[PDB]
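> Here you go, this is entry_33.cif (mmCIF, C-alpha atoms; chains and numbers go by the auth columns).
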data_run
#
loop_
_atom_site.group_PDB
_atom_site.id
_atom_site.type_symbol
_atom_site.label_atom_id
_atom_site.label_comp_id
_atom_site.label_asym_id
_atom_site.label_seq_id
_atom_site.Cartn_x
_atom_site.Cartn_y
_atom_site.Cartn_z
_atom_site.B_iso_or_equiv
_atom_site.auth_seq_id
_atom_site.auth_asym_id
ATOM 1 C CA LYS A 1 -11.303 9.238 -12.076 0.00 3907 A
ATOM 2 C CA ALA A 2 -11.448 9.137 -8.256 0.00 3908 A
ATOM 3 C CA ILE A 3 -8.021 7.540 -7.876 0.00 3909 A
ATOM 4 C CA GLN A 4 -6.497 10.503 -9.721 0.00 3910 A
ATOM 5 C CA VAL A 5 -8.330 12.934 -7.447 0.00 3911 A
ATOM 6 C CA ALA A 6 -7.231 11.227 -4.250 0.00 3912 A
ATOM 7 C CA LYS A 7 -3.667 11.003 -5.555 0.00 3913 A
ATOM 8 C CA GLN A 8 -3.518 14.732 -6.229 0.00 3914 A
ATOM 9 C CA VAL A 9 -5.056 15.437 -2.827 0.00 3915 A
ATOM 10 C CA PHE A 10 -2.382 13.356 -1.131 0.00 3916 A
ATOM 11 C CA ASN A 11 0.361 15.115 -3.078 0.00 3917 A
ATOM 12 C CA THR A 12 -0.977 18.489 -1.931 0.00 3918 A
ATOM 13 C CA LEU A 13 -1.015 17.190 1.609 0.00 3919 A
ATOM 14 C CA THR A 14 2.639 16.224 1.272 0.00 3920 A
ATOM 15 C CA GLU A 15 3.614 19.618 -0.110 0.00 3921 A
ATOM 16 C CA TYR A 16 2.145 21.351 2.934 0.00 3922 A
ATOM 17 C CA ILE A 17 4.432 19.189 5.100 0.00 3923 A
ATOM 18 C CA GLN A 18 7.460 17.945 3.142 0.00 3924 A
ATOM 19 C CA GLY A 19 9.365 20.980 4.208 0.00 3925 A
ATOM 20 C CA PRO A 20 8.732 20.288 7.888 0.00 3926 A
ATOM 21 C CA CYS A 21 6.191 22.939 8.805 0.00 3927 A
ATOM 22 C CA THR A 22 5.208 21.914 12.311 0.00 3928 A
ATOM 23 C CA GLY A 23 1.882 23.734 12.202 0.00 3929 A
ATOM 24 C CA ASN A 24 0.863 21.830 9.082 0.00 3930 A
ATOM 25 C CA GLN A 25 1.745 18.552 10.844 0.00 3931 A
ATOM 26 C CA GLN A 26 0.062 19.264 14.160 0.00 3932 A
ATOM 27 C CA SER A 27 -3.085 20.452 12.403 0.00 3933 A
ATOM 28 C CA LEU A 28 -3.354 17.224 10.408 0.00 3934 A
ATOM 29 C CA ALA A 29 -2.670 15.228 13.562 0.00 3935 A
ATOM 30 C CA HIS A 30 -5.681 16.737 15.343 0.00 3936 A
ATOM 31 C CA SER A 31 -8.036 16.082 12.441 0.00 3937 A
ATOM 32 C CA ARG A 32 -10.053 13.425 10.619 0.00 3938 A
ATOM 33 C CA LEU A 33 -7.088 12.223 8.518 0.00 3939 A
ATOM 34 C CA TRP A 34 -6.611 8.969 10.418 0.00 3940 A
ATOM 35 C CA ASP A 35 -10.277 8.086 9.942 0.00 3941 A
ATOM 36 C CA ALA A 36 -9.698 8.434 6.200 0.00 3942 A
ATOM 37 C CA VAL A 37 -6.563 6.318 6.309 0.00 3943 A
ATOM 38 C CA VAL A 38 -8.342 3.421 8.037 0.00 3944 A
ATOM 39 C CA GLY A 39 -10.983 3.239 5.318 0.00 3945 A
ATOM 40 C CA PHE A 40 -8.318 3.549 2.653 0.00 3946 A
ATOM 41 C CA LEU A 41 -6.365 0.612 4.061 0.00 3947 A
ATOM 42 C CA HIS A 42 -9.580 -1.389 4.342 0.00 3948 A
ATOM 43 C CA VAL A 43 -10.378 -0.914 0.656 0.00 3949 A
ATOM 44 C CA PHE A 44 -6.769 -1.601 -0.359 0.00 3950 A
ATOM 45 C CA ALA A 45 -6.521 -4.894 1.523 0.00 3951 A
ATOM 46 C CA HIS A 46 -9.624 -6.389 -0.075 0.00 3952 A
ATOM 47 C CA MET A 47 -9.362 -4.787 -3.502 0.00 3953 A
ATOM 48 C CA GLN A 48 -5.770 -5.718 -4.292 0.00 3954 A
ATOM 49 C CA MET A 49 -6.478 -9.351 -3.368 0.00 3955 A
ATOM 50 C CA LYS A 50 -9.792 -9.471 -5.240 0.00 3956 A
ATOM 51 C CA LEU A 51 -8.679 -7.658 -8.385 0.00 3957 A
ATOM 52 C CA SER A 52 -5.388 -9.571 -8.615 0.00 3958 A
ATOM 53 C CA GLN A 53 -7.174 -12.776 -9.660 0.00 3959 A
ATOM 54 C CA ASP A 54 -8.400 -11.556 -13.055 0.00 3960 A
ATOM 55 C CA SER A 55 -5.988 -10.722 -15.865 0.00 3961 A
ATOM 56 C CA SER A 56 -8.700 -8.551 -17.457 0.00 3962 A
ATOM 57 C CA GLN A 57 -7.923 -5.668 -15.062 0.00 3963 A
ATOM 58 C CA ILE A 58 -4.350 -4.732 -14.097 0.00 3964 A
ATOM 59 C CA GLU A 59 -4.192 -1.022 -14.956 0.00 3965 A
ATOM 60 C CA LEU A 60 -6.716 -0.313 -12.208 0.00 3966 A
ATOM 61 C CA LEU A 61 -4.438 -2.202 -9.830 0.00 3967 A
ATOM 62 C CA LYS A 62 -1.451 -0.105 -10.906 0.00 3968 A
ATOM 63 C CA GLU A 63 -3.492 3.024 -10.212 0.00 3969 A
ATOM 64 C CA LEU A 64 -4.515 1.737 -6.787 0.00 3970 A
ATOM 65 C CA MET A 65 -0.987 0.817 -5.756 0.00 3971 A
ATOM 66 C CA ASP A 66 0.309 4.190 -6.949 0.00 3972 A
ATOM 67 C CA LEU A 67 -2.306 5.777 -4.692 0.00 3973 A
ATOM 68 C CA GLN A 68 -1.152 3.565 -1.818 0.00 3974 A
ATOM 69 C CA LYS A 69 2.442 4.624 -2.496 0.00 3975 A
ATOM 70 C CA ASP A 70 1.547 8.303 -2.283 0.00 3976 A
ATOM 71 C CA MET A 71 -0.397 7.646 0.921 0.00 3977 A
ATOM 72 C CA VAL A 72 2.593 6.084 2.649 0.00 3978 A
ATOM 73 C CA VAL A 73 4.761 8.927 1.334 0.00 3979 A
ATOM 74 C CA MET A 74 2.438 11.367 3.091 0.00 3980 A
ATOM 75 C CA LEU A 75 2.613 9.273 6.246 0.00 3981 A
ATOM 76 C CA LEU A 76 6.406 9.372 6.144 0.00 3982 A
ATOM 77 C CA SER A 77 6.309 13.119 5.580 0.00 3983 A
ATOM 78 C CA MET A 78 4.311 13.434 8.791 0.00 3984 A
ATOM 79 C CA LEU A 79 7.315 11.940 10.672 0.00 3985 A
ATOM 80 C CA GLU A 80 10.170 14.160 9.490 0.00 3986 A
ATOM 81 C CA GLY A 81 10.886 16.063 12.705 0.00 3987 A
ATOM 82 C CA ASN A 82 9.872 13.077 14.812 0.00 3988 A
ATOM 83 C CA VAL A 83 10.726 13.392 18.487 0.00 3989 A
ATOM 84 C CA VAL A 84 11.114 10.107 20.380 0.00 3990 A
ATOM 85 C CA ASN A 85 8.026 10.084 22.633 0.00 3991 A
ATOM 86 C CA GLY A 86 6.018 12.102 20.180 0.00 3992 A
ATOM 87 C CA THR A 87 2.329 12.583 19.591 0.00 3993 A
ATOM 88 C CA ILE A 88 2.142 11.937 15.860 0.00 3994 A
ATOM 89 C CA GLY A 89 3.731 8.532 16.295 0.00 3995 A
ATOM 90 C CA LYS A 90 1.239 7.681 19.031 0.00 3996 A
ATOM 91 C CA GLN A 91 -1.695 8.637 16.831 0.00 3997 A
ATOM 92 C CA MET A 92 -0.251 6.613 13.960 0.00 3998 A
ATOM 93 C CA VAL A 93 0.135 3.609 16.251 0.00 3999 A
ATOM 94 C CA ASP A 94 -3.457 4.001 17.432 0.00 4000 A
ATOM 95 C CA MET A 95 -4.504 4.082 13.784 0.00 4001 A
ATOM 96 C CA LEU A 96 -2.531 0.961 12.918 0.00 4002 A
ATOM 97 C CA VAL A 97 -3.802 -0.906 15.978 0.00 4003 A
ATOM 98 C CA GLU A 98 -7.322 0.096 14.957 0.00 4004 A
ATOM 99 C CA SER A 99 -6.730 -1.385 11.454 0.00 4005 A
ATOM 100 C CA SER A 100 -4.369 -4.267 12.209 0.00 4006 A
ATOM 101 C CA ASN A 101 -6.370 -6.994 10.476 0.00 4007 A
ATOM 102 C CA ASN A 102 -6.478 -4.907 7.299 0.00 4008 A
ATOM 103 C CA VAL A 103 -2.715 -4.309 7.363 0.00 4009 A
ATOM 104 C CA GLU A 104 -1.924 -7.983 7.884 0.00 4010 A
ATOM 105 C CA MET A 105 -3.631 -8.901 4.612 0.00 4011 A
ATOM 106 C CA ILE A 106 -1.447 -6.369 2.807 0.00 4012 A
ATOM 107 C CA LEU A 107 1.786 -7.595 4.336 0.00 4013 A
ATOM 108 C CA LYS A 108 0.780 -11.181 3.601 0.00 4014 A
ATOM 109 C CA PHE A 109 0.096 -10.066 0.022 0.00 4015 A
ATOM 110 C CA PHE A 110 3.507 -8.413 -0.390 0.00 4016 A
ATOM 111 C CA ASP A 111 5.196 -11.787 0.220 0.00 4017 A
ATOM 112 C CA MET A 112 5.771 -12.046 -3.506 0.00 4018 A
ATOM 113 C CA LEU A 113 11.120 -11.231 -5.923 0.00 4025 A
ATOM 114 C CA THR A 114 9.811 -14.431 -4.287 0.00 4026 A
ATOM 115 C CA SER A 115 8.033 -15.785 -7.369 0.00 4027 A
ATOM 116 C CA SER A 116 10.834 -16.666 -9.868 0.00 4028 A
ATOM 117 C CA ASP A 117 12.983 -18.370 -7.222 0.00 4029 A
ATOM 118 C CA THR A 118 10.681 -21.394 -7.689 0.00 4030 A
ATOM 119 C CA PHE A 119 11.167 -21.420 -11.493 0.00 4031 A
ATOM 120 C CA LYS A 120 14.519 -22.852 -12.601 0.00 4032 A
ATOM 121 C CA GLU A 121 14.536 -26.325 -11.049 0.00 4033 A
ATOM 122 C CA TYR A 122 12.087 -27.684 -13.694 0.00 4034 A
ATOM 123 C CA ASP A 123 12.920 -25.335 -16.574 0.00 4035 A
ATOM 124 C CA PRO A 124 14.023 -27.075 -19.815 0.00 4036 A
ATOM 125 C CA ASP A 125 16.545 -24.374 -20.761 0.00 4037 A
ATOM 126 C CA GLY A 126 15.796 -21.390 -18.509 0.00 4038 A
ATOM 127 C CA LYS A 127 13.276 -19.816 -20.906 0.00 4039 A
ATOM 128 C CA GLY A 128 10.269 -18.325 -19.051 0.00 4040 A
ATOM 129 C CA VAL A 129 7.314 -20.297 -20.485 0.00 4041 A
ATOM 130 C CA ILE A 130 7.103 -23.285 -18.132 0.00 4042 A
ATOM 131 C CA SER A 131 4.047 -25.472 -17.579 0.00 4043 A
ATOM 132 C CA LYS A 132 0.972 -24.678 -15.527 0.00 4044 A
ATOM 133 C CA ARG A 133 1.454 -28.016 -13.736 0.00 4045 A
ATOM 134 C CA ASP A 134 5.221 -27.756 -13.241 0.00 4046 A
ATOM 135 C CA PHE A 135 4.533 -24.462 -11.461 0.00 4047 A
ATOM 136 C CA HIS A 136 2.259 -26.237 -8.972 0.00 4048 A
ATOM 137 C CA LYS A 137 4.977 -28.882 -8.743 0.00 4049 A
ATOM 138 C CA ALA A 138 7.502 -26.152 -7.873 0.00 4050 A
#
If you convert what's in this file into structure tokens, what do you get?


Amino acid sequence: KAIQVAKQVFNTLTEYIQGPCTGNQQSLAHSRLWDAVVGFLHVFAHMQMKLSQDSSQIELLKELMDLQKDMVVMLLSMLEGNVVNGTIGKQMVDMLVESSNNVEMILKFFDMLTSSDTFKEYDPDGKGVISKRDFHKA
């Protein structure tokens, strides 16, 4: 119920910007938005690794990654009319530097596609139901 709310809030924040209104980019630049993004990345990095273990709960993970998608869409929309030595890029870099160790867990998690490549060399007939132990072998 909170994921839906934050998703809609991010979509509104895109629609103020997606047609590149420079006032509605500069105003978000000089605001608390980056201090929200750091906490959001911090929850994402731990929660997607923690929740991924259990097969009981995957819909919540889909909701969370949809929220993360809309967040990065907003961040891209901030950079439409992006001059080279710009301010918005500098603030985004300061944000990412401030939350580097959170980001690195996400990028390490996205190294995954790279999960069925290690599947066919022990398959009996290329089916999809191979052993729990042959997987560790692979």

> Counting all atoms listed in the file, which residue out of A:3986, A:3941, A:3960, A:4004 sits closest to residue 3924 of chain A?

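Using all atoms listed in the file, the shortest distance to residue 3924 of chain A belongs to A:3986.
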
> Determine the residue set returned by the PyMOL selection byres ((chain A and resi 4049) around 12) for the present structure, and present it as a PDB file with C-alpha atoms, keeping the file's coordinate frame.


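Generated output (out-v2.pdb):
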ATOM      1  CA  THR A4030      10.681 -21.394  -7.689  1.00  0.00           C
ATOM      2  CA  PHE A4031      11.167 -21.420 -11.493  1.00  0.00           C
ATOM      3  CA  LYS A4032      14.519 -22.852 -12.601  1.00  0.00           C
ATOM      4  CA  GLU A4033      14.536 -26.325 -11.049  1.00  0.00           C
ATOM      5  CA  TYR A4034      12.087 -27.684 -13.694  1.00  0.00           C
ATOM      6  CA  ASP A4035      12.920 -25.335 -16.574  1.00  0.00           C
ATOM      7  CA  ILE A4042       7.103 -23.285 -18.132  1.00  0.00           C
ATOM      8  CA  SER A4043       4.047 -25.472 -17.579  1.00  0.00           C
ATOM      9  CA  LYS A4044       0.972 -24.678 -15.527  1.00  0.00           C
ATOM     10  CA  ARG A4045       1.454 -28.016 -13.736  1.00  0.00           C
ATOM     11  CA  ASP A4046       5.221 -27.756 -13.241  1.00  0.00           C
ATOM     12  CA  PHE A4047       4.533 -24.462 -11.461  1.00  0.00           C
ATOM     13  CA  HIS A4048       2.259 -26.237  -8.972  1.00  0.00           C
ATOM     14  CA  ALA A4050       7.502 -26.152  -7.873  1.00  0.00           C
TER      15      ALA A4050
END

> Name the residues that the PyMOL selection byres ((chain A and resi 3939) around 12) picks from the file above, as a PyMOL selection string, using the file's chain letters and numbers.

chain A and resi 3915-3916+3919+3931-3938+3940-3946+3977+3980-3981+3984+3994+3997-3998+4001

> One decimal, in Å: what's the spacing between atom CA of residue 3959 of chain A and atom CA of residue 4007 of chain A?

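Computing the Euclidean distance for atom CA of residue 3959 of chain A and atom CA of residue 4007 of chain A yields 21.0 Å.
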
> Between atom CA of residue 3954 of chain A and atom CA of residue 4002 of chain A, what is the distance in Å, rounded to a tenth?

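One can read the atom CA of residue 3954 of chain A to atom CA of residue 4002 of chain A distance as 18.7 Å.
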
> Once the PyMOL selection byres ((chain A and resi 3951) around 8) is applied to the coordinates I shared, what remains selected? I want it as number ranges by chain.

A: 3947-3950, 3952-3955, 4008-4009, 4011-4012

> Keeping only C-alpha atoms, write those residues as a PDB file, in the coordinates of the input.


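So part_28.pdb came out as:
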ATOM      1  CA  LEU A3947      -6.365   0.612   4.061  1.00  0.00           C
ATOM      2  CA  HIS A3948      -9.580  -1.389   4.342  1.00  0.00           C
ATOM      3  CA  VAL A3949     -10.378  -0.914   0.656  1.00  0.00           C
ATOM      4  CA  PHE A3950      -6.769  -1.601  -0.359  1.00  0.00           C
ATOM      5  CA  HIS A3952      -9.624  -6.389  -0.075  1.00  0.00           C
ATOM      6  CA  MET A3953      -9.362  -4.787  -3.502  1.00  0.00           C
ATOM      7  CA  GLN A3954      -5.770  -5.718  -4.292  1.00  0.00           C
ATOM      8  CA  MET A3955      -6.478  -9.351  -3.368  1.00  0.00           C
ATOM      9  CA  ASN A4008      -6.478  -4.907   7.299  1.00  0.00           C
ATOM     10  CA  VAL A4009      -2.715  -4.309   7.363  1.00  0.00           C
ATOM     11  CA  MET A4011      -3.631  -8.901   4.612  1.00  0.00           C
ATOM     12  CA  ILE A4012      -1.447  -6.369   2.807  1.00  0.00           C
TER      13      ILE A4012
END

> Which residues, written as a compact mmCIF listing (two decimals) with C-alpha atoms, keeping the file's coordinate frame, have at least one atom at most 8 Å from segment 3920-3922 of chain A, with only C-alpha atoms counted and residues fewer than 3 positions away on the same chain left out?


# COMPACT_ATOMS: atom_id res chain seq x y z
CA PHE A 3916 -2.38 13.36 -1.13
CA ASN A 3917 0.36 15.12 -3.08
CA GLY A 3925 9.36 20.98 4.21
CA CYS A 3927 6.19 22.94 8.80
CA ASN A 3930 0.86 21.83 9.08
CA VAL A 3979 4.76 8.93 1.33
CA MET A 3980 2.44 11.37 3.09
CA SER A 3983 6.31 13.12 5.58

> Work out how far apart atom CA of residue 4036 of chain A and atom CA of residue 4015 of chain A are and give it in Å to one decimal.

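Value for the atom CA of residue 4036 of chain A-atom CA of residue 4015 of chain A distance: 29.6 Å.
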
> Counting only C-alpha atoms, which residue out of A:3978, A:3989, A:4025, A:3973 sits closest to residue 3912 of chain A?

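Ranked by minimum distance to residue 3912 of chain A, first place goes to A:3973.
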